[PDB]
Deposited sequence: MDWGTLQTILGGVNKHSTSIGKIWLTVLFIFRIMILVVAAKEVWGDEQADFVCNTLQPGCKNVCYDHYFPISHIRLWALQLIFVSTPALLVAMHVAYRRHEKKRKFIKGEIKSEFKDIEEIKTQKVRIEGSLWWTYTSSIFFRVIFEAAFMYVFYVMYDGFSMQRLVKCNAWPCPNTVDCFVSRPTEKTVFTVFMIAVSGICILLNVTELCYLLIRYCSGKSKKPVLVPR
């Protein structure tokens, strides 16, 4: 279909380019420029690890890998089978079903792990060994927000494109 042939794969390269040429160096000094107002040794390590259990760019790297395997699998699978309708139709509809699942799953993780799509300048931390409560300051909170909003919006569009192609087939029956 026009949407599947063009728009899906165009937006996919769109996400890859944003990740590799632009975003990857916004997050370069994420822990080098974390600053905490304390004299306690080790407070910076625990407080950074508490508020960033996994970095944003590495979630996107994982997400891109997962949503590309169903495309990569269906190509290899048919090639081997043809080396030696319902089957091909079943594989196609299933493949676009998994892609919707993966995109939905990862957008969910972003929301609940990071409490929204906006990054704060100041984080308050009280995990051991830090004393009562310590102020720590994030590096480049505004730029990281801009790319987060960009990446989420593109993913949301990809979900909408997939469901239309899915609806396009079920009505065809």
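Undergrad: Without any C-alpha position in the structure, which residue ranges of the deposited sequence would you list, numbering from 1?
TA: Those stretches are 1 to 17, 102 to 128, 218 to 230, listed in order.
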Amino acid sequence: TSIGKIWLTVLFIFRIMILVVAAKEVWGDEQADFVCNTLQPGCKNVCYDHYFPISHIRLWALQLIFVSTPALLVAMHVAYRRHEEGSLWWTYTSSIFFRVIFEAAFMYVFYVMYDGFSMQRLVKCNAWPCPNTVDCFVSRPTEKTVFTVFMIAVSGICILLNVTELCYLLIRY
From here on, numbers count along this sequence of modelled residues.
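Whichever C-alpha set is largest while still superposing within 1.5 Å between the two forms counts as the rigid core.
Undergrad: Superpose on the core, then say which of 95 to 103 and 75 to 83 ends up with the larger RMS Cα offset from this form in 4 other deposited structures of this protein.
TA: Most displaced of the pair in 4 other deposited structures of this protein: 75 to 83.
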